Amino acid sequence: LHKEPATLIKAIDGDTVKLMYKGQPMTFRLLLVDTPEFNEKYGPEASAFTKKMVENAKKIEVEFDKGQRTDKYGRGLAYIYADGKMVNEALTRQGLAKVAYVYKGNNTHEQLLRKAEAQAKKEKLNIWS
Ligand SMILES: Cc1cn([C@H]2C[C@H](OP(=O)(O)O)[C@@H](COP(=O)(O)O)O2)c(=O)[nH]c1=O
Ligand SMILES: [Ca+2]
């Protein structure tokens, strides 16, 4: 797995972000996580968490897994990194996201995220309170 560059176009919600990638606008859906929708509980907190994380980043990178790069809705599927810190993992650690939509082929960082979730649960953080 390798990181490629990309620029914020726009925050969208907890687990989606508009990025410019290879000079094209594209909606990215975070691999292996599920944030609440904005209208659900901790949804706005999730949205704000991701928003602030990508918005304050000097360097946004995109990392595809070995499997599918696009979903059935045309959204990019990637791990997203904000100055070297993975958004997917950071949401999970803070209990603003659950591990989810784990498909074999696109699962390189599963254990790492389950590790993060386990620690969020332990602290009964946000969603787990
Ligand atoms: C995270 C992820 C979601 N999806 C699809 C499956 C879900 O389909 P359905 O709409 O058929 O339930 C949908 C969930 O995304 P959201 O949580 O953004 O809705 O996005 C993938 O296909 N691959 C993935 O890696
Ligand atoms: Ca969601």
# chains A, B, ... in the order shown; residues from 1 in each chain; ligands from 1
$ residues_near_ligand --ligand "ligand 1" --cutoff "8 Å" --atoms "only C-alpha atoms and all ligand atoms" --output "list in words"
residues 15, 16, 29, 30, 31, 32, 33, 34, 35, 37, 68, 70, 71, 72, 73, 77, 100, 101, 102, 103 and 106 of chain A
$ residues_around --residues "residue 43 of chain A" --least-positions-apart "5" --cutoff "12 Å" --atoms "only C-alpha atoms" --output "PyMOL selection string"
chain A and resi 12-15+34-38+48-51+91+95-97+126-127
$ residues_around --residues "segment 2-4 of chain A" --least-positions-apart "5" --cutoff "6 Å" --atoms "only C-alpha atoms" --output "ChimeraX atom specification"
/A:61-63
$ atom_distance --atom1 "atom CA of residue 87 of chain A" --atom2 "atom CA of residue 54 of chain A"
8.1 Å
$ closest_residue --among "A:99, A:6, A:60, A:86" --to "ligand 2" --atoms "only C-alpha atoms and all ligand atoms"
A:99
$ atom_distance --atom1 "atom CA of residue 122 of chain A" --atom2 "atom CA of residue 57 of chain A"
28.6 Å
$ atom_distance --atom1 "atom CA of residue 79 of chain A" --atom2 "atom CA of residue 111 of chain A"
13.9 Å
$ select_by_dssp --residues "segment 18-122 of chain A" --states "strand (DSSP E)" --output "list in words"
residues 18, 19, 20, 21, 24, 25, 26, 27, 28, 29, 30, 33, 34, 60, 61, 62, 63, 76, 77, 78, 79, 80, 81, 82, 85, 86, 98 and 99 of chain A
$ select_by_dssp --residues "segment 13-125 of chain A" --states "alpha helix (DSSP H)" --output "VMD selection string"
chain A and resid 43 to 55 87 to 93 110 to 122
$ write_last_selection --atoms "C-alpha atoms" --output "compact mmCIF listing (two decimals), in the first residue's frame"
# COMPACT_ATOMS: atom_id res chain seq x y z
CA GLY A 43 -23.42 12.58 13.49
CA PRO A 44 -22.57 16.33 13.75
CA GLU A 45 -19.62 15.55 16.05
CA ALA A 46 -18.36 12.95 13.50
CA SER A 47 -18.81 15.44 10.64
CA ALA A 48 -16.98 18.20 12.60
CA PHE A 49 -14.21 15.79 13.61
CA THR A 50 -13.43 14.83 9.99
CA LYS A 51 -14.07 18.36 8.75
CA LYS A 52 -11.53 19.87 11.13
CA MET A 53 -9.05 17.09 10.48
CA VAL A 54 -8.95 17.44 6.66
CA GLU A 55 -9.44 21.29 6.77
CA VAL A 87 -8.74 9.82 9.53
CA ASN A 88 -10.36 6.37 9.42
CA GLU A 89 -8.39 5.28 12.50
CA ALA A 90 -8.78 8.62 14.34
CA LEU A 91 -12.62 8.58 14.12
CA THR A 92 -12.58 5.00 15.40
CA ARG A 93 -10.21 5.73 18.30
CA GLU A 110 -8.77 -3.89 9.79
CA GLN A 111 -6.86 -5.08 12.88
CA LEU A 112 -5.46 -1.58 13.48
CA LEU A 113 -8.97 -0.10 13.36
CA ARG A 114 -10.41 -2.91 15.55
CA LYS A 115 -7.55 -2.07 17.95
CA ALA A 116 -8.69 1.58 17.91
CA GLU A 117 -12.32 0.60 18.38
CA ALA A 118 -11.51 -1.73 21.25
CA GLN A 119 -9.74 1.24 23.02
CA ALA A 120 -12.68 3.60 22.30
CA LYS A 121 -15.10 0.98 23.75
CA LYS A 122 -12.82 0.49 26.78
$ residues_around --residues "residue 24 of chain A" --least-positions-apart "3" --cutoff "12 Å" --atoms "only C-alpha atoms" --output "number ranges by chain"
A: 6-9, 18-21, 27-28, 76
$ closest_residue --among "A:65, A:125, A:5, A:39" --to "ligand 2" --atoms "only C-alpha atoms and all ligand atoms"
A:39
$ closest_residue --among "A:129, A:98, A:66, A:10" --to "ligand 2" --atoms "only C-alpha atoms and all ligand atoms"
A:98
